[PDB]
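Step one of this worksheet: look at the structure below.
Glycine gets a Cβ as well: all are built from the backbone with ideal geometry, and neighbour counts include every protein chain shown. Derivation of every value follows stated rules applied to the coordinates shown; laboratory data play no part.
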Amino acid sequence: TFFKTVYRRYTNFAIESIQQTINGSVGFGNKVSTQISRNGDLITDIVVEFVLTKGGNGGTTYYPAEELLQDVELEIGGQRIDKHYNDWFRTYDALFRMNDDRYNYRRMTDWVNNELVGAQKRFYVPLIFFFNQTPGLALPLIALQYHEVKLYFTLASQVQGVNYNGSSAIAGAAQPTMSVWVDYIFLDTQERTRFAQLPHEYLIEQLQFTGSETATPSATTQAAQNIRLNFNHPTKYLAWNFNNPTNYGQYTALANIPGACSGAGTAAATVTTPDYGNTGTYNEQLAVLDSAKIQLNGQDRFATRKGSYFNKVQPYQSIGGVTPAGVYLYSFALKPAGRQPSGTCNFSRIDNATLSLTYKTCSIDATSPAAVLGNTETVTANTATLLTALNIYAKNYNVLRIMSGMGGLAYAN
Amino acid sequence: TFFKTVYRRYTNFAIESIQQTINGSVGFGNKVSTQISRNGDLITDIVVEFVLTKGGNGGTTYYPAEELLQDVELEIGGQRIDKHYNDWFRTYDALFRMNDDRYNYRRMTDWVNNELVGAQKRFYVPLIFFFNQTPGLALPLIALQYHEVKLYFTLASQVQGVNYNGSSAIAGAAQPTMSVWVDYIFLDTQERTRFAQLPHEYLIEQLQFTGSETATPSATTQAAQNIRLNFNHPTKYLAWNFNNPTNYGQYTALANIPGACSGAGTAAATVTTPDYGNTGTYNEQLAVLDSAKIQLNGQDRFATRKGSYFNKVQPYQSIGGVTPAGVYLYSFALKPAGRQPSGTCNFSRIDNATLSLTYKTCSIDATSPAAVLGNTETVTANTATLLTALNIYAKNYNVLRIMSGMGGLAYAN
Amino acid sequence: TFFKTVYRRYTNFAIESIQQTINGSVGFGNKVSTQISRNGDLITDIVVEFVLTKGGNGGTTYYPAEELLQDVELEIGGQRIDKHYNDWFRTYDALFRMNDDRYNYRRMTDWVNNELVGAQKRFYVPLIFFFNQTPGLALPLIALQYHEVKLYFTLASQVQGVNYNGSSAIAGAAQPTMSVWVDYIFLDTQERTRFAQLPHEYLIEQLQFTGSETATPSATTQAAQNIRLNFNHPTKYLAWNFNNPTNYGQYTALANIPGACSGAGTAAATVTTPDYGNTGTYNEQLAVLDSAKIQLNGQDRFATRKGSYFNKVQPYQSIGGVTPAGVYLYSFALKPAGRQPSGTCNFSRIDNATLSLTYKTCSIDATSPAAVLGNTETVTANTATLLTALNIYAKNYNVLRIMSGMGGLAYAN
């Protein structure tokens, strides 16, 4: 029946977001850390609060608060459970976040109101480890009595529009201010007792990353390249991008098209500098990578598909939102964004895995709007040569076993 | 298995939207009502149809059809079950509605096509009581044989862009036309019989509201204020806003910034009048409230967080969409928008509850774009002094017991 | 409990998108087909890849790749299971797709980056038959050993902005390139065995369509018209539109308003030609149809509601997104977009079904912005006379029984 719902009764509880103590000196390029205080029984969400001051004007910022959090390592009992990166967040956002939620995330990560020089704002960078994504995986502190739960952060040294303008330091730039808040759940005795005495097993996810250098060519392009993928465990999907390390989230070539370069379509237009505030694009014409395929033990896991296939279709068929050009996906799961496992590939059972790539023939004059807006599928702007860093990510499952006051991962890979 | 779904068979039924009889004289500032006719077995959605005629041009309207429905009281058997308000709808929309659905809601509530003077449109204001939100809570008329189900509406007297322009009545303004439609479900004998003989219990939600006056100060601002919260029952969350009663949904200070005031960035720019069509904003810089915390029996339910935390993070962590600046949320539930209860705080078990507030130091020259777009976290436009009304809402659960032809609420608070 | 989720273990499997062989000569106006190759055990998604070259500039294209796929027939064992159309996709998109997903779909179907003449892109048109929408209905090839699974496509002859400009062929226009890819699931022995030996039953959906000619009148308009609806089976909903066959997705009247006609609000403005790139609108003022009701065996299935009710409210109450003006919906289901049946009307049990229509009185001067942006609910632009084709669609359920190596539909209607 659709007209008489029977809601179920749950275990009584309470939530409180409690401030953490940050060990170390907060400031650009500094390594700082935190040992989660043992206030509640379980912990869920974790937010990093940053206070920054703008150094330029409209469109001079691009996810500053996000880039600021260069790395985040989650360690339990001295053991590293997972580690995220600056570029992972950007990629995660481009892939799995969407619509108003995604816009809210940008409001939390940078200036989106045309703010000017001197504007000071509060930023919120929500962590995304296994227990930060589902209360069903809430980390049980009351069960990790002899194990310390720690987070290790590394703050970027240069952040465009805050600290620097291109490669020129900005005078007067204020050192950032940081704060760490953790949400705790307080359980009622019944379940609290159960949590500290019984053994537990959690099916959690981890992030795997490998940075590589891209090829380049034009003219007789159709440059090629094979990357040996050294990943392990049952993997849900693969995500990768090609970015110019110089500019934070630049995953596509800079060009003389609106929102594609500093002062595009204008007399001041360049192609060396991006229109920071609008670094991302949906225009497939500005992304390298003509085709791609994955290979298992020397065999095609599937036939070659253009790079647009992994940017549009793979994301359409699963996680149905919209991904900016330059980010690619290949899912082994039916629902890669769902916590419930739905199809995986066990990499720790594959001797050889490879990502075979074929790039487009640059040759397009990035300074010409008519050349960029009016061209062929297999070519892109000569500016593509700057997309030198190839970042490949794999999201896998693992098992976290917690008993007798301590936890540990079932599989060490 | 993911490749062989077993759909379940349900109880046969039919839906029909049937027109209601409106008792009383329809017109601005009039109280009118309706006794639901006993056509079907259960009732779900309820829509109020309004026909209005524009009195100005582009951007002169702001959710007219919504504001028109000043109050709505749902009464059963002479007993008031719940009562919503003009400002609740605005707040509900800012918080729980999102994306295309939210845009569709605006299409149903006002002119969004740059329409001019004289444009006449059909508006649809969907009610949002417990049975209007889930067919699982469909109100069982066949079980309320001796109880009358009535709705009591109160129409606003002045609606900007329709009836008035600021405080100046608009000549020729047509009285509104109103219609009430209710969706009925017709059940097959099996279940119909079951519905009229067995006792029933419904876990429903109610709205609680308390209007208060705000503080103000600048210069040596950092004005403070504590509000005693008199709420009852297991509560899912708290939502509140500070608005200038003069302008319908103004939850933020007016300023000389695009979309922030009448003719902003222009020679005609003001700061006394809003850019009606664009009353809402995402810019945290224009909202009062620097920090806030809630207190139970003289103790901090949680540490103080800036007002941006309740506007961005609380909504990000639950109900993941995007909320305009000026609306705040503090959830006791994991999923405040879900009908299924997921965490509550029982206010009828708390002797003292308080909302402790600390405002920002206005001091900013609302007439200066460079002052508004380039400032500090703890200050806002001097225009903030107009946000004098503090509206606090609490959404709670209660039990509706229906038997022997009549219904009633389990807890009278 | 909300803090200890028990994920369920599933049947091991793998996915691979494999290219299909296209029988027949690919080219505008050609009929081509495909016999699905028997590579895997089950098949899910199916994508048609098209490579087209632009013939004009910004706003000269409107879902080209979508229109290109004029018809698609799914046949099993010589039997036609379902058949979709060009206009069904447009209507499906307007109704059930939404937000970022819907924008991604447009990226897959046409140029959205202001591309110019000569721009060549890769398009992806995802099929939407029963097994293309849910892996739970994956078509079991291993169980259809003696039945051929075939797809029959018909390519449009003229596609605005690619092949033609209005009715003028474009010289040099390249013939399209087409590719068909099917996703297969490879099952492990356990379940594979089970799939090829046990009888199966699938509750699937089909599309029903009937094209009719519209009435027209103005002045003493309020023209009327009744259409005998010849549909069959348990039907989830009805969807219909009035379009000018000349222009692909024109569901509304052309007018001298931004995005409503070629060069609107300009000296070059027309009203004979649409602003192709922006053919759709949300402005109810440009849609015909003043009111409507459905009738069963000579009786009102429900009271008459304005056309805006079926365009805004019906879609708001179910499938909550936003539908462009000109597309209408009347659902018999609680959740028409959900695969799980939730309310249906059995048309093969109704001797007479009728759609009663009443059009608006055109009379509005489509060339006048002040006339279009400032008018009454019961009138529209005189241009409405061009919306001559009435397309009515009904989505129903049926049963696909598969055993002994062959499949067939339970009900032949």
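Over region C:13-198, calculate the relative contact order: mean separation of alpha carbon pairs under 8 Å at least 6 apart, over the residue count, as a percent.
RCO, region C:13-198: 46 percent.
If you count, for every residue in C:38-50, the Cβ atoms of partner chains within 10 Å of its Cβ, what is the mean?
Shielding by partners across C:38-50 averages 2.
Which single residue of chain A puts its beta carbon nearest to the axis of rotation relating A to C, and what distance, in whole Å, does that give?
A:99, 3
To one decimal in nm, how far is residue C:199 from the same spot in the other copies, if labels go 7 Å from Cα toward Cβ? Please give the shortest first.
From this label point to the equivalent ones elsewhere in the assembly: 4.7, 4.7 nm.
Taking other Cβ within 10 Å of each residue's Cβ, how do A:272, A:367 sort, fewest first?
Ordered by Cβ neighbours within 10 Å, fewest first: A:272, A:367.
Just check the protein assembly as shown against the gyration tensor rule for me: Cα atoms, a ≥ b ≥ c as the square roots of the eigenvalues, rounded for a/c under 1.5, and otherwise prolate or oblate depending on whether a/b exceeds b/c.
Verdict is rounded for the protein assembly as shown.
Rank A:290, A:365, A:188 by mean-square fluctuation in a GNM of chain A with C-alpha springs under 10 angstrom and give only the top-ranked residue.
Top of the fluctuation ranking is A:188.
Only Cα pairs under 8 Å and at least 6 apart count here; give the relative contact order of region A:205-396 as a rounded whole percent.
This gives 41 percent for region A:205-396.
Can you figure out the FRET efficiency of residue A:21 with residue C:190, using R₀ = 56 Å and their beta-carbon distance, to the nearest 0.05?
0.60
How much net charge surrounds residue A:245 when only the other residues with a Cβ under 15 Å from the Cβ of residue A:245 are counted, with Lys and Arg +1 and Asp and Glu -1?
Summing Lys/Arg as +1 and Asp/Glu as -1 gives -2.
Round to the nearest 10 and give me the degree value, 0 to 90, for the angle of helix A:99-109's Cα axis relative to the longest principal axis of chain A.
Between the helix axis and the principal axis of chain A, the angle is about 90 degrees.
Of A:360/C:121; B:150/B:335; A:306/C:121; B:121/B:395, which pairs sit farther than 21 Å apart, going by alpha carbon to alpha carbon?
B:150/B:335; B:121/B:395
Based only on other Cβ atoms within 10 Å, what is the fewest-to-most ordering of C:302, C:186?
Going from least to most buried by this count: C:186, C:302.
Which of rounded, prolate, oblate describes region A:205-396, given a ≥ b ≥ c as roots of the alpha-carbon gyration tensor eigenvalues and a/c under 1.5 marking rounded, otherwise prolate only if a/b is larger than b/c?
Prolate, because a/c is 1.5 or more and a/b exceeds b/c.
When each copy gets a label point 7 Å from Cα toward the beta-carbon at residue C:33, what are the spacings between them in nm, shortest first?
6.9, 6.9
Please work out the C-alpha center-to-center distance from region A:337-383 to region A:237-273 and express it in whole Å.
16
Cut-off is 10 Å between beta-carbons; in what order do A:90, B:80, C:102 appear when sorted fewest neighbours first?
B:80, C:102, A:90
Rounded if a/c is under 1.5, else prolate if a/b is larger than b/c, else oblate: which is region B:162-299, with a ≥ b ≥ c the root eigenvalues of its Cα gyration tensor?
oblate
Using a Förster radius of 30 Å, what is the FRET efficiency between residue C:222 and residue C:370 based on their Cβ-Cβ separation? Nearest 0.05, please.
Efficiency at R0 = 30 Å is approximately 0.80.
Pick out which of C:155, C:187, C:386 has the largest mean-square fluctuation in a Gaussian network model of chain C, springs linking Cα atoms closer than 10 Å.
Taking springs between Cα atoms under 10 Å, the residue moving most is C:187.
Angle, helix C:86-96 long axis vs. longest principal axis of chain C, Cα atoms, 0 to 90°, nearest 10?
90
Could you work out how far the C-alpha centroid of region C:142-188 sits from that of region A:49-67, in angstrom?
47
Can you list, shortest first and in nm, the gaps between the label point of residue B:226 and those of its counterparts in the other copies, using a point 7 Å from Cα in the C-beta direction?
With the label placed 7 Å along Cα→Cβ, residue B:226 yields 7.3, 7.3 nm.
Please go through region A:9-44 and write out the trypsin sites (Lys or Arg not before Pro) that DSSP classes as loop and that have at most 12 other C-beta atoms within 10 Å.
A:9
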